[PDB]
Every structure is written in structure tokens, then in C-alpha cells.
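Below: the structure, in C-alpha cells.
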Amino acid sequence: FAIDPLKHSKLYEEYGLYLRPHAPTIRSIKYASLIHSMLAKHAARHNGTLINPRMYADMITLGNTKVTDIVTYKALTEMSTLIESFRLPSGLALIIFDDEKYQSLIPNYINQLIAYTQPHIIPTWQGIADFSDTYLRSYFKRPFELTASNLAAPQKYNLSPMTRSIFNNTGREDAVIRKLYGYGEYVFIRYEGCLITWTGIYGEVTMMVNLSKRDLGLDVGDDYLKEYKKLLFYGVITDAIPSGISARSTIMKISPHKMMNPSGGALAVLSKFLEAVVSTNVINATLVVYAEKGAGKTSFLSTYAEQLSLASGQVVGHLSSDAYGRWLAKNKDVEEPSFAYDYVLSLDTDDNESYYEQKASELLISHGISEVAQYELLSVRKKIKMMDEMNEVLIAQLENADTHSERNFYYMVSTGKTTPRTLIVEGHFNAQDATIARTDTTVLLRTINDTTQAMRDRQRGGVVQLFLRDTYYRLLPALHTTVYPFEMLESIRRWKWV
Amino acid sequence: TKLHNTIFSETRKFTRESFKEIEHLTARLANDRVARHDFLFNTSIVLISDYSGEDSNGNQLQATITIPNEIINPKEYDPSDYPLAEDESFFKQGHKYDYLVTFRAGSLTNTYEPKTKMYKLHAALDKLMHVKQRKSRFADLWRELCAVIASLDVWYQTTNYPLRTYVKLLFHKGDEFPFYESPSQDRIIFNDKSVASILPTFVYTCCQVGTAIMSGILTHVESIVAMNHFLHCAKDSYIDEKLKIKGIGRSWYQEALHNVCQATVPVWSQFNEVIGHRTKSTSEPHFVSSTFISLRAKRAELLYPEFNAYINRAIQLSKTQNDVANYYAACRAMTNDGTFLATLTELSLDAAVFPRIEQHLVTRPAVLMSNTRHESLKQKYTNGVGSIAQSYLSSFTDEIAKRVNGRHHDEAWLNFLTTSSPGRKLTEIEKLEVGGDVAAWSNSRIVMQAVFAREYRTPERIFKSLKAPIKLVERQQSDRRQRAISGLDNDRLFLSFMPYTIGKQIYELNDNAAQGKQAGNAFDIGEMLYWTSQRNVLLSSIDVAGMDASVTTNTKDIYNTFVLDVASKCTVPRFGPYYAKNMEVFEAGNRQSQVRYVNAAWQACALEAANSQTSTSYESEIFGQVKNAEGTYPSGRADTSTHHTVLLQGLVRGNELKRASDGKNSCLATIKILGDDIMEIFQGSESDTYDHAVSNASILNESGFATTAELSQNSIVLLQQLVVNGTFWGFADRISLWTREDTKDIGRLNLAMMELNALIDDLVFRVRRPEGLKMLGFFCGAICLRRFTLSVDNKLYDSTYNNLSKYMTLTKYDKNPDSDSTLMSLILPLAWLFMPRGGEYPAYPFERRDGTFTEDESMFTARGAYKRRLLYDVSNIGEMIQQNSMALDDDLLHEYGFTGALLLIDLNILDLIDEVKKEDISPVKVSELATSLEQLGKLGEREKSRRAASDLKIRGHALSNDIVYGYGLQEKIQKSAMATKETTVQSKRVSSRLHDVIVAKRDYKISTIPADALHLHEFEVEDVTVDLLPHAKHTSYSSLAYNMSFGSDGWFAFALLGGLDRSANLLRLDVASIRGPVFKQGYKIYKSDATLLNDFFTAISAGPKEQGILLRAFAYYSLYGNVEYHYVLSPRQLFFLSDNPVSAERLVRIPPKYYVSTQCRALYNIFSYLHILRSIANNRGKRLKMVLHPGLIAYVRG
Amino acid sequence: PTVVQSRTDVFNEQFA
Amino acid sequence: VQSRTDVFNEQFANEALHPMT
RNA sequence: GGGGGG
RNA sequence: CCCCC
Ligand SMILES: Nc1nc2c(ncn2[C@@H]2O[C@H](COP(=O)(O)OP(=O)(O)OP(=O)(O)O)[C@@H](O)[C@H]2O)c(=O)[nH]1
Ligand SMILES: Nc1nc2c(ncn2[C@@H]2O[C@H](COP(=O)(O)OP(=O)(O)OP(=O)(O)O)[C@@H](O)[C@H]2O)c(=O)[nH]1
Ligand SMILES: Nc1ccn([C@@H]2O[C@H](COP(=O)(O)OP(=O)(O)OP(=O)(O)O)[C@@H](O)[C@H]2O)c(=O)n1
């Protein structure tokens, strides 16, 4: 293996792959534990590295090499006397899981060998390697599933504590199954998350939630809107967008599942923002978040602003992506509008109309399209011909820095006297980077929604909302780091405070 | 007393009197400042008000000196001239003054308590006017002004010229200088508080304006119009007005050339040979003429009213193309002082790097395939400007994959970091660090790559980089807004290295790259002379504004879609830290994820485009950490403009196919891009080419770049080095003799004096009167650098002066009890400027014992060992041969002081300072070898090349030094130049023997060697005139360069030798292609012992293509053979003239009997070709017959 | 003769 | 009734490869 | 900070 | 060390 099972099995406890109690197999893995004590010993000799990584890969992996100046070759001859004693039929194989969380815990010295080897890569499914693999099937208990109809006695399905481990999908408490049917001689794998399948529009849909099934009140047949606020924080859809998710989707099957490890890169860009929050060397920390319209980002960042407020204790501002859009509709005629912070927060309320929605309503009436069905009926060429006209009404506001121009809007708001020190600003597309400012942090935010279905769901704006979504989506390639909402809440727990 | 009345001033020749007289005067200027103030403000000078004379073309002008009242009466400092934002997180958004406002220096103070917002700002402005202003190439700024004004005295032999009153009117206040710079504090220091704050920069303005007068661009009358234009710009902000007006006052020439109508110009051919003159009309196309109207109303406003009439004078009077280039060169030195521009870093940071969207937005590609994060993988455009570029670049994707597979990228990345270190990577974060002496190397690239070794292959290494802000460095340049560059961390830079390697592969596939390669000769611009000569052409040089701020986030994806398709077909397993593995992947039109194999680089290309944050943080002394808004192009991740070059040429050639579907045949010839500068050539009818010209202007506007479209029938610009009708025009102002960015001023002399030769030879064809530069740069070397600042120890300090005073005088400071060191300042004789590995500066005629003067050297004389011949020439070689004596004539050399000039050269001062540091400062042993032995582990094993290198040495021949094995390089990577530290006491500890060689000097002699007999050839003028080659007939009118005007000696030199060789310059370009000195050190192998050349390949580890270039580069090269007697002619020092010495054999005759039987026939041409270039001043149509020393031939056969 | 004058005279005669 | 295809992103990809007139 | 050439 | 983006 890469990571050594024997020194610390707790990592493979997370995947639910347990060592067999203790044959060629058992004698083999004890050899691998000796090699990792050896490779760690050579590590410290030269700044934590190896010396001839292609020379070690020939000895350990292929087994075709025998070694007999003393200064440079002393480490190799010590390796050769060890491996030659094993009398193996062939060389040992290197193994690596597909999961990035497994890769982030691999020792530095193993990575040096990997480039001169051909590692056997075990594919995962949802953060879980398939158990049919040749190596995992020999070294670890093969997990056995127990469902509704599948529940039975051990005698009906021949099983031993040696060979097999039990997974519980029945949904009854594990203490009952362990105590009632005599399964206390087997070890149960445990899963702290959930994998919930939903009925979608286009087809069946799956999902992953970072919360335990007891803490999530959803059961079979539940409505999507019930407990919707919990899913938006901790859920991840795992199907290609667009999905089938709707306001009226229902649950089919719910099972315990492994927790999703937060992305290593997404935590890095967010902690870069938190480093600017704590230190006094920076005057303004400002996070920028883009999302496709209709993702509900304003619903999530209203709470994420409060969670950050409890930590640092500073008053955190918040500006919805339509804050400038409504404020431009009010003060376009007034010559010297107020830029005071709380006055702009007063105009962020949903009841007011954005300026951009007004100009887009005329552009649809100019072709006479007020119906969702008439808009869906159009060819892609007919829509793209219109979105170029919407690009003209947008460049008019970004072209220059004027008193009513958008760049001066975020300048006077950010540099106002009473404005909060830390801000959280939303934006609709990448081209707004020059306007909203001035930051080293920017992230995309992917909720669990079909935003093009969510726009058809809402009945107020109708076509004007769905049309602006595609006009923003056309100008918003995913060129910045992606961030699911749970990783932002995970970002705050890991960072130390004070 | 003084310099305008010297015997050297009237005869311009050295003698036993005037040369010893001109030494006493210049040494008196550099040594004592009290004599300098009396020189610059002398009472005998007469003030000038109205003045009259001739302009650049001989027309009579009448101008009047006018100093604006606002410099004599500076306004009190105004706090509101630098407003802040209400939060005071930064300067206020809109603000007028990015540079200095002019104000009285005594009006600026800060009463505020320390550690306050307003206290730190006034401390910054005090840091502004007292620090940023001083930028001097040599010594004090007052000595630099003396060398220029001293040159004007000797050249015109008169104290009375207009430029002097500008010095006496501005800078004469009190008994002493208004301000002096102290090297110890690196600050200007004001002795008179009433002076205007901007004045110290104007000393650099007069030093530039005084250079143009010696240069012959500006005459005494046009100098008055120039100086008023700068003093007019001193109100209210000296640099803001220059950056605003500079675009308008240089661009007028288009309309003035329109009025010349007919003109006759040489016609170049494809091969860079002139085939004839041609009478072409210079009338502009109608659409160019309509643009003149908008300029006139604009030139009547922003321009100075008197300087505006000067340009109206130019559009009227000039009647030939040479007159227009003379008025144009005159305007060039009136619109620019040539100084480096400087501000507070955060003041200029606003408008330079802040992103700006202009005209249409860029739209996204459709996403054909995506990562489980929904990152892009491969993508394609349905429509837009991005589809236009993809219709072109998509045909190159497959062929590049076959070349990407061949490179072993881990060997490339380790070699890529070696080319440039230190890289200013962020310093060590925390304890220990182990270390522990690696902090001495903490600022480096290869050292930081070596320290982080086990970290290299970890994927986590990349995400650690994302938490590090990108520090912003500022690299200033002449006559331009201050630039904001972004330095990057190793791993942060590494993410873009894979896209870069694909980016430079395209250059082999096209001729569209102006950055392809450059030779530095006239062949660099050689294609431009061809297209400017052609009929029915519409030239277009489209400069593009911004490009840092003009590339929005969505614009960069046009380049990514090209790399992503190339990385898709490429098969490069384990690029590191990455694998060629499977992946779960989402496709367009399929519901659930599919399973697609992925190679290593296609991950690294995807991950880099997926995460993009161009924001450049900067830590400032006022506002803390400031961060520029996102949307910049970083300039540059990995490399650029290789991003822009693939981006622009795809937007342009793809527009040609966009017109193919539209049915319009696309007239066009060739197109070069550096970038970001573009250049086009349209051949066709006047109506059709304009229609295609407007399309290229519009398509770039559609992709978000705004440009100033330039169009002309008879002129073009590239690399700010323009051509008109096959006539090169130089830029004089861009070379700044008197300023530099680093403020690196140090007394080491071969570093500085040999650097000055690189400048004066770069001005050879950018100037109208080269002979004036020789008198200018002599006095600069005769005054600015005559002292040496070596620190002595108190023990040995008394022993040195007891002997050296016999020849070279020096400064004697009283011994200081307080500290250990007692300083000395070493004055040197003027003779050191002319000796080998001294200044090697061109010399004036000397006086022999016979009384005949030696030949007057020109700008074309070679340097290197050839300069030693001047020693023998003083002894009269023509007399040396008739007596058959090799005697050196040491007595006469003691007069001029050559005997003392070589004593300073025998110290090897610059070699001991290097050796003394190498001992202690580099621990080597386990400290350095442990990283080199580790650093080898990442490279594709292995380079044992030292075993293949010393194989060439024994026996074998010596080779030096570093062409391979950069694991001795990180020792050099710690220069420890700042400071010299305490090791200087050990640097002179070895000099205790070097003042033991001065007591051992006794009577001193100049050493000679048996190889030194080669100098003894001297030519005797014959009678028959040389029939002249045809090129002179075509260039005889409307000359192709400022110093090649008809009858000028620079023109006549091209007439005798002719133009540069075709196949020789294309081939010599290739030995510089591998380099990105190796040629000559390896060429002795090709001549003496040829069998070492094969191991010469494996010692350098050159590839099979690199092996055949050096073999092929010795083919057309060996026709002029090897140098047993070497010379150094810079390719910039020449430009048009032939480089091959064989060209000069035609105009000299040799007796047959001097040849060796089958050897060295080709060596006499170097004796001839080097001699004709040395003296083109006295050359007048005479064939030459050389004579040889009888002992020279005995040496050649031995 | 000045050098330039000699140079010019030489140039003219060859090219008449 | 609705299809994965009517979504704008889906429609756009298609437009990416049977580009119609 | 990187690229082009002496 | 110069030229150039
Ligand atoms: N029934 C109905 N509710 C609507 C409609 N439009 C908006 N809503 C309300 O909007 C709420 C959802 O908020 P969000 O998903 O954050 O929408 P948003 O605030 O505009 O945020 P963005 O979509 O990112 O701009 C729902 O709870 C609804 O009450 C509509 O047309 N019909
Ligand atoms: N006080 C003062 N210092 C000057 C002046 N000019 C230059 N300096 C610098 O200040 C330092 C001390 O000043 P001085 O003793 O007057 O130096 P100096 O008269 O210019 O003599 P030199 O340094 O040999 O040129 C010197 O190292 C100079 O570099 C000046 O006019 N007055
Ligand atoms: N040392 C530097 C500085 C920056 N860049 C390039 O310089 C370009 C910016 O050119 P700049 O002179 O700042 O803008 P312009 O004046 O408009 O350039 P030009 O006149 O040549 O069009 C950028 O594309 C960047 O890639 C570079 O490669 N080398």
C-alpha cells in the first residue's frame, strides 16, 4: 500500500475497510510495515527525501534488483538485504485510492516513488472504493449489506467474524440488530452522512448530505420543501447539471453514507479571506461570491454572515447581488444620491424592483415575449441574438467611473465612514471583477438547485427572471475556485480564533 | 582656467603640454566641489534674453528665454493635492496628480504625532521629493552636470551659449549649491528651503538637453524652445503634463510628410541589399488626411503656444524627407527629458494595474466536458470573437501534441528556474528555519526549490500556494507610466508553466511571431525596409492600450480553450505531481457521469484555468496591505506575451477565414506580433485594403481591447523603432545616459566605464553627429569617474601613499582613531580610459616624437585586445620597422602616464573582491552540496556532466566556466554585494602584498609578449582612388539614417565596405538561439583539436538539433577564420555595415610575398578591415598598401 | 580641401 | 413535460456542435 | 517577476 | 550591462 494500514488503521476505519484477524496474505502485509519503517528512516538522512527514487522503485516494486562508493550505496544495500529475505514470487505492488483525502495524507517519501512506478489505482464511487478489487478483497473483510427483506439470521447466509463485516442498511438502530440476531460477534461499519435519492424532472437524482440520518428528519416519501433549509447548507448533488430537482421532488431511498471531505483547494481560498479578517495589517477584508441566479445564495449568506459575526465579533456587512440593481433604479435621476451604508441596505429588500429587470422587460416586450412557453420555444440562435442586446445595457454601466456608474457605487459604499469593516458582496458574472472591489478572494458557490427549474418555479418575475439567468450564466464561466456551501461552514470550524 | 581657453579646445589634439594641462583641469573638477560651484556660476558669464541663429535645417529662428514665475515663487504646499478616501483605506478615486506637484520645499512639514494616518502620509511625501528624485548613472549629480557643460565649452570654444543661462538662472542661490545628495543616507538634502521641490530633476533635464546639443539633434536656438517647454510643464505637475502631451507632440509628422509630396528613397530587396532608388509620391490616403483635422484643434490646446508654432513651422518649410526627419528628431528631444519616472508606489498603482472593461463583453465557451467539481476540461465556442480565433488555432492542436511528448518536462522545469535567480520568493515564514544559514540564500529561486524538496511531489503543495498573496514589484522605465509587475512563488508560478510550454511550441509553426528571434543588426528590421519600398501598400502599426487591464477574466479563456485541446491529445504520463489515471467525468447531453482516462498535463492545464486569482497584494507604509482588484492579466504567470502572441495572431488570421465565409478575398501580406505590439502589411488597391483594415480594427474592439488605429502609406513602427520609405529613423531620447533605476552607484570602474561604452555605441545610428558624442563621453569619463572609494585599514594605510604618489595622485585622509578603517580616494590619470581592460574608450590623436599625430579614432573602432595597439602606435610603427626594433619606447609613455595607467590595471581590484567573498561567505561542503545532491533527485537522472566536462580539460584543454552543471551555481547565487561586510579587512589583507609590490615596483616597465608582435602592421596611403560600389548612388540622397547623411563619414563607411552578409547573420543568430561566450570558447576546439568537439556536445548536454547548429555555425563562419588576435565589435555598435571582414579585402592591396604557403591568408583582412574602421575620418578615396614588420613574419611562421 | 569636399568630388566623377 | 435539453446550458452545448443557421 | 538578442 | 514587450 501507500499509506500503511498497520501503523494506523483509523484512516481505513473511515472508509469502513477492516483488517482481517490473524496464508500468503497475512505474511505479506507485515512485510509492507517493515518497508515503511525503512523508507521513513532513509527520509531524515537528506532533508526528508530519498536519493535515487528510480533505484528504490526497481527494488521494492519490481524486485529484480540486488545490490552489493559505500557512502552513496549504503542506504540501498540496507534495503537489499531486507527485501531479498522475503523470497517473494515477484515484486510488491503500490496501491492508491482515487479519493483526494487519501492523497493528502500520503507521506512525502511515497510520492517520490510513485512517478517511477505504475501504481494500481482503485476507483471510488462516492468517496468509497469498490470492494470487488483484488487487493482489498484479500486483506480486508468484505462488507455485507442488510436491508429490509435481506435481514435474517447468520445461519441463513454463511458468515464468520473472520471473513465478513456487516453493513446495516435496514435503518433500525444498530444496537437492536447487534443484540437481537446475534451480530455482536461482527463489527459494524459506521457512516456519519446520508445518500438520498430524489425523483427529478428529467430523471432520478441522487444527493449527498454531511449530516447523520438521526439529525436529518427526512424519511422515505418526504417533501423536498420540508427541511429544505438544512439540505441547502450540507447537501451536494452528484449528477450532471442541469439536474431534475424541483420544489415538488420526493424522496425514494435513504441510506447511511460516508461524509464528504471538504475540498483541499476550496478551504485554501477561504482561509486566505479569514487571514485578512483577523490581522490588523489589512483595513478592509472583502469576500466576493458569484453564483448563477436563482441558487438562493442570499438565503445562505444571511446565516453565514451571522456565523462569522459570532467568531471575530466584528459587525459583518452584507450586500445582495441585486443591491446595486435596485439602487440604480431609484437614484438614476437624482444628481447626488446618498451612499451611506444603511441607506443601501434599506433598498436591498426584495419588494423593490431592480433597474436591470426593468430594461429586460422592455427588451422582451420589444419582441413581444411575456410567456415562459414562448421563450422555451425559441431557437438558441434567437436567444443569443437578444442576449447581445442585454450585453449593451450592461457595458453602459461598467464602461467608466461616473457618479451613477457601478464602479463608483461600490467605491463609495466600501469607503464610507459607517460601513462595516468586513463585507460580503455578491455578483452575477466574472466581468464585474473590475467593479466590486478590492479583493484577493473570489469564489463560485454551487448550491443544490436546478436554477433554470427554480426560475420556472417562481411565479412573480416569470420570464424576466429566467431571461436574466441565462444572460448572467452566459457571462459566467467557472474560472474561479468552486465552493459548496458546507465547505464555508467547515472553513470556520477549522480556523483557530484569538 | 578655463576649459574653453585650453590648447586642447582649439586644436582638439593631445600634446606633451595640452594633455598634461587637460588632466590638471578635469581632476580639479572631480576632486573639489568649491571649484565646481565657481565653474557653474562664474561671474564672467553673461545672461541672455533674446537670441537668434539657425534651426536644425538652416532656416533662421528667433527665440527668447522665458522662465515662468511659478518656479521662482513656488506655492506653499497644499494638503488637498493628494486627497484620501473617507475611510482612508486608500487615495481618493479620481485624483489629478500621480506625480510631484511643484511647491516650495519649506512649506512641507508634519506637526501630527507619530503613528497616525496623516503622519504616515507626510512621511511618505518627505520620502518622495528627497529619495525618488535622485537617479544618477555616475557619482554626484553635480559632477554629471559638469561633464556635459564642460563638453559644450570645449566644442564651441565659447562661454556664451544659451543653455548656460538656464543653469545660472535656476540654480544660483547663495554661495553654495541649493542641494546636495549624500551617498551615506541616499537622500537629496536641501541647503536652501526656498527652492522649488521639482528642481533637482531639472538638473537631469539639462544633462539630457546638453547631450542633444553635442549630439546635433538640437542646436543652440532649438535648445531655447525645448527648455521653455519643460519649465512650462513644471506647473503644476512636471510629469503629469509630460505624460499627457507626449502623445500629441510626437505624432504630427504624418501631416508634415504629406506636404513633401514627391520624394526619392532607396528600394530594398528581399535579401537586405539595396537595388535602387525610386521616385514615389508620399501623398496619404484620403481617410488618413481626414484625421489631420481632429489633430489640429487638439494641437492648438494642450501644446505650449510657442512650441506649437514650431510644429506649424515644420509642416510649412520642410521640402524633402530628410528635413522632416530632422524636424521630427528635434521634436523628440523637446517632448522628453529621458529621465526615469518615479512616484510613491501606491500613487501610480491606481491607473496602471486597475482592470478596465471597454466596449463589448467577452462571452463563455460552451462546456463539452467537465470535472466532478464542474470545472471545465474541453470546451468550444458557439459564436463570438472566441469562435473566430478558434477557427484558426484549432488546426495547430494535433501537431503540437507530437512535440509536447518529446520534452521531458521535469528536466525542463528545473532548467527553467535556473535561467533567472534570485526570483524574490517570499521569505522564510517561521522557526527554525533549518537552515540555519539558508536565510542568507532566502531570496532565490533554485535555493527555494532545493529547500522544498520532499514537498515537490505532494499535491498539497499547490493549495499551500493559494494562501500566499502575490507581491507587486514596480519596474520603472523611461518616458512611460510606472509599471506594476507581479512576482510569483515557485509553486504559484509552476501552475502556469505547463500552459506556457504549449504556448511557445507554436512559434516554430508560423512566421507571425515578431518575437521569433532578433539579431541586433539591421537584419532585425530588415523585412520592414522591404515592405515600405513596395507599391500599392497600406501599412498599419496597431499599438494596443492596456493589455494588463484590457484582459478581463473571460478573455483569458480564449487562450485556455487552445491549451485544453492541445493538452487533451498530449500523452505525458506523470508530469508531477500528477498521474495519468482514470476519472469520473460529466459530459454534455449524458445524464450521469462517465469514465474517461486522463493524462497528467491535462489535469494540470485544467486545474490552473479552474483556479484564477490575479489580484496583486502590496504592503505599503501608509494604508497597510492594499490589494488591486481582480481581472488583471498578472504579467506574468509563467511567461507572457506568449499568452498575448497566441491570442492576437489567432484573432487576426482567424478574421481572414471569417472573411472567407463572407466571400471577400482578404488582401494581406505578413503580420508580426511581439506582442503586445502588432504590425500589419496590406497590399492591394487603396479602396479594398481600407475595408479589410477597418475589419481588423473592429474585431479587436469586439474582443474588449481599445486601440489607437494608425494607418499610413509610407511609414510604420515596431518595437518603438520606426521605418519610413526604407529609411531607418532613430530614437535619441530613449537612451538615458545620466539616470538609472537601481541607484546602484559604486566606485568599481570596469563595471561602470565598460558599461558606458555599451551606451555610446548604442547611440551610433540614433544620432546625427557621432563626433560630438566622443567629446561628450570623454568628459563624462574624465570627470564623473576619476575616484576610487576603497576602504583601507589603519595599519597599512600609511604604507600605500609612500610609493604610488610617484605616478598617480590620490587622496590622503587623516587617520581616524575612532574606528578601524581609514578611507582613501584613488584618483587616476586620464590614460586609464584608453588602456586595454581599462575604459577602452576611443582616443583622440596623440603626438609622436616625430611630431606627426596618430590616427583619429572613430566610433567604429573595435575594443578588446585590439586597444593595446594604441601603445605601439605612439612609438611610430613606421619608424619601428625601418630600424627593425621591437623596442617599446618606454620614455615617451611616461609623459602621458600610460606607465601609471597600467599600474591600476595590475591590481585586479575587481578580481580580489570576488575571491575574498568566495572563501568565507559560501560554506560549501555539507551545507551547499546537500542541496545540490538533493536537487539532482528531481531532474530526470542524471547529469554527471562534470565527468564528461573535465574529460575535455586533461589533456585536453582548459575551458571556462559555466555552460553546464548549475549545481555550482547556487554558490554564486549569494553575491553578498550589499554590503561588503567585514570581509573587506581580509580583501585588503591580501593587498598587503599588493603594497609590497609597489615597493617592489621600483622602476616600472610595461610587459611585452612574443604574441604581441602582431600590432606591428601599419598601412601607408597609396595614390590610386578606389572605384566605389553602386550602393552609394542610391543612398546619396534621402539618407537612411541620421549619421549616414550624404558625405558624412558614417555614410562613406557603408559606401566602401557595403552591407551585412545574408547567410552569415542568419547563421550567427542560431548560436544565440540555444543560449536564450559559448561560441568562442568552443570554437578553438573546431580549429586546433577538432576531435574534442564531440565531447564538447556531451559536456554541454546539447541536443541533436543543438549539436548540428554549432557544427553548421562553423561553416559560413570559418571563412573569416579564428582570432589569434581578437577584437570586439558590438552588433549594436555596427548596424548596417558588413560584419564579415572579407568585405574589406577589396580596397587594400598586399604584396604576394608576405603569405605563408598554405596558412593564414585570411588573417591580413582582419588587419585591414579593423584598420579602415578605426579611421574613417581621415579616409578619402585612397587605396592602401600595407607594410609588415620583419619580425612579424618570423612570428607567424613559428 | 576639406575631407567632405574631396569625398563629394570623388563621388560625382565616378557617377557623373 | 420538459427535457434535460431545453435548459439553456444544454441548448448552448448543442449549439456548440450542430450549429444551425 | 519572466521572455527576446551582445 | 544594454535593447524590448
Ligand atoms: N411563490 C413565489 N415565491 C417567490 C417568487 N419570487 C421570489 N420568491 C421568494 O423568494 C424566496 C427565495 O429566495 P432566494 O432563493 O434567495 O432568491 P433571491 O433572494 O432573489 O436570491 P437570488 O436568486 O440569488 O438572486 C422564496 O422563499 C420565495 O418566497 C415567486 O415568483 N413566487
Ligand atoms: N555638507 C555638505 N555635504 C555635501 C555637499 N556636497 C556633497 N556632500 C556630501 O556630504 C558628505 C559630507 O559633506 P562634505 O564634507 O562637504 O563633502 P564634499 O565637500 O562634497 O567633498 P567630497 O565628498 O569629496 O565631494 C560627502 O560625503 C558628500 O558626499 C555639500 O555641499 N555640503
Ligand atoms: N517587463 C515586462 C512588463 C510587462 N510585460 C508585458 O507588457 C504588456 C503591457 O504593455 P504596456 O507597455 O504596459 O502597455 P502599452 O503601453 O499599451 O504597450 P504597447 O504600447 O507596446 O502596446 C503586457 O501584455 C505584459 O505581458 C512583459 O512581458 N514584460
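Every chain in the C-alpha cells has a letter given in the order shown (A, B, ...), and although residue numbers restart at 1 in each chain, ligands are simply numbered from 1 in the order shown.
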Task: Residue hits in chain B, query chain E, radius 7 Å, only C-alpha atoms (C1' of nucleotides), as number ranges by chain - done: B: 423, 485-488, 515, 517-520, 636, 638-640, 1130-1131
Expected file contents, prior selection, N, CA, C and O atoms, as a compact mmCIF listing (two decimals), in the first residue's frame:
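That gives us out20.txt:
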# COMPACT_ATOMS: atom_id res chain seq x y z
N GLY B 423 14.65 34.98 -7.61
CA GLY B 423 13.30 35.31 -8.01
C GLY B 423 12.48 36.09 -7.00
O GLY B 423 11.28 36.30 -7.24
N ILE B 485 4.61 45.23 -11.85
CA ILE B 485 4.86 43.83 -12.18
C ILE B 485 4.53 42.99 -10.95
O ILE B 485 4.52 43.47 -9.81
N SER B 486 4.23 41.71 -11.20
CA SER B 486 3.82 40.77 -10.16
C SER B 486 4.82 39.63 -10.06
O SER B 486 4.93 38.82 -10.99
N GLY B 487 5.56 39.58 -8.95
CA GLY B 487 6.38 38.41 -8.66
C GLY B 487 5.55 37.26 -8.11
O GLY B 487 4.53 37.47 -7.44
N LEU B 488 6.00 36.04 -8.36
CA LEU B 488 5.24 34.84 -8.02
C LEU B 488 6.11 33.85 -7.26
O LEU B 488 7.33 33.79 -7.45
N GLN B 515 8.52 38.20 -32.08
CA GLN B 515 9.43 37.76 -31.02
C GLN B 515 10.21 36.52 -31.41
O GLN B 515 11.04 36.06 -30.62
N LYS B 517 12.89 35.61 -33.34
CA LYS B 517 14.28 35.82 -32.94
C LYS B 517 14.74 37.17 -33.47
O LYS B 517 14.17 37.71 -34.43
N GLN B 518 15.77 37.71 -32.83
CA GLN B 518 16.32 39.02 -33.18
C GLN B 518 17.84 38.94 -33.17
O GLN B 518 18.41 38.32 -32.27
N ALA B 519 18.48 39.56 -34.16
CA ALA B 519 19.94 39.51 -34.27
C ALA B 519 20.64 40.75 -33.73
O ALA B 519 21.84 40.68 -33.43
N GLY B 520 19.94 41.87 -33.61
CA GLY B 520 20.52 43.11 -33.14
C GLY B 520 21.18 43.95 -34.21
O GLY B 520 21.63 45.07 -33.91
N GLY B 636 3.76 38.33 -15.09
CA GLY B 636 3.16 37.25 -15.85
C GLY B 636 3.29 35.89 -15.20
O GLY B 636 4.38 35.50 -14.76
N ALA B 638 3.92 32.12 -15.40
CA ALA B 638 4.90 31.51 -16.29
C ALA B 638 5.52 32.58 -17.18
O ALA B 638 6.37 33.36 -16.73
N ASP B 639 5.08 32.65 -18.44
CA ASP B 639 5.62 33.62 -19.38
C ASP B 639 4.49 34.30 -20.15
O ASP B 639 3.39 33.75 -20.31
N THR B 640 4.79 35.50 -20.61
CA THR B 640 3.92 36.33 -21.42
C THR B 640 4.93 37.30 -22.05
O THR B 640 5.93 37.61 -21.42
N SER B 1130 30.61 45.37 -31.16
CA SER B 1130 29.24 45.07 -30.79
C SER B 1130 28.34 45.10 -32.02
O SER B 1130 28.47 46.00 -32.86
N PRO B 1131 27.42 44.15 -32.15
CA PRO B 1131 26.42 44.24 -33.22
C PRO B 1131 25.58 45.49 -33.15
O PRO B 1131 25.07 45.94 -34.18
TODO: With a distance cut-off of 9 Å and only C-alpha atoms (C1' of nucleotides), select the neighbouring residues of residue 1 (chain F), excluding the residue or stretch itself and same-chain residues fewer than 5 positions from it, and output the selection as an MDAnalysis selection string.
DONE: chainID B and resid 751:752 754:756 758
Output N, CA and C atoms of each residue in that selection to a file, as a short mmCIF file (atom, residue, chain, number, x, y, z; two decimals), in the first residue's frame.
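The new file again.cif reads:
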data_model
loop_
_atom_site.label_atom_id
_atom_site.label_comp_id
_atom_site.auth_asym_id
_atom_site.auth_seq_id
_atom_site.Cartn_x
_atom_site.Cartn_y
_atom_site.Cartn_z
N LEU B 751 33.16 47.89 -14.17
CA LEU B 751 31.71 47.73 -14.22
C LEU B 751 31.05 48.95 -14.85
N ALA B 752 31.50 50.16 -14.49
CA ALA B 752 30.78 51.34 -14.92
C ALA B 752 31.31 51.88 -16.25
N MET B 754 33.10 50.35 -18.65
CA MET B 754 32.78 49.46 -19.76
C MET B 754 31.28 49.43 -20.04
N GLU B 755 30.44 49.73 -19.05
CA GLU B 755 29.01 49.86 -19.32
C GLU B 755 28.71 51.10 -20.15
N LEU B 756 29.42 52.20 -19.89
CA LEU B 756 29.18 53.43 -20.64
C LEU B 756 29.49 53.24 -22.12
N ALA B 758 28.80 50.59 -23.75
CA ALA B 758 27.61 49.97 -24.33
C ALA B 758 26.57 51.02 -24.72
#
Open item on the list: Counting only C-alpha atoms (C1' of nucleotides) and all ligand atoms, what are the residues, protein, DNA or RNA alike, that approach ligand 3 to within 8 Å? I want them as a VMD selection string.
Closed with: (chain B and resid 352 475 480 483 to 485 542 to 548 633 to 636 639 to 641 643 to 644 675 to 678 719 to 720) or (chain E and resid 1 to 3) or (chain F and resid 5)
So that each row is one residue of chain A with an atom at most 7 Å from ligand 1, can you give its shortest atom pair and the distance in Å to one decimal, using only C-alpha atoms and all ligand atoms, rows by chain and rising number, as CSV?
residue,atom,partner,partner_atom_place_in_ligand_line,distance
A:293,CA,ligand 1,24 (O),4.6
A:294,CA,ligand 1,23 (O),3.2
A:295,CA,ligand 1,24 (O),5.1
A:296,CA,ligand 1,15 (O),3.2
A:297,CA,ligand 1,24 (O),4.8
A:298,CA,ligand 1,16 (O),4.5
A:299,CA,ligand 1,16 (O),4.4
A:321,CA,ligand 1,25 (O),6.6
A:322,CA,ligand 1,25 (O),6.8
A:350,CA,ligand 1,19 (O),6.8
A:457,CA,ligand 1,32 (N),7.0
A:458,CA,ligand 1,31 (O),3.4
A:459,CA,ligand 1,31 (O),3.4
A:460,CA,ligand 1,31 (O),3.3
A:461,CA,ligand 1,31 (O),5.5
A:462,CA,ligand 1,31 (O),6.6
Task: Atomic distance CA of residue 439 (chain B) - CA of residue 465 (chain B), expressed in Å with one decimal - done: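 Between these atoms lies a distance of 20.0 Å.
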Task: Residue nearest chain D - candidates A:132, A:309, A:243, A:465, atoms counted: only C-alpha atoms - done: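 Ranked by minimum distance to chain D, first place goes to A:243.
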- [ ] Pick out the residues no farther than 12 Å from ligand 2, counting only C-alpha atoms (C1' of nucleotides) and all ligand atoms, and list them as a PyMOL selection string.
- [x] chain B and resi 28-37+139-143+174-192+784+786-789+810-813+823-827
TODO: Calculate how many Å separate CA of residue 241 (chain B) from CA of residue 347 (chain B), rounding to one decimal.
DONE: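 Going from CA of residue 241 (chain B) over to CA of residue 347 (chain B), I get 16.2 Å.
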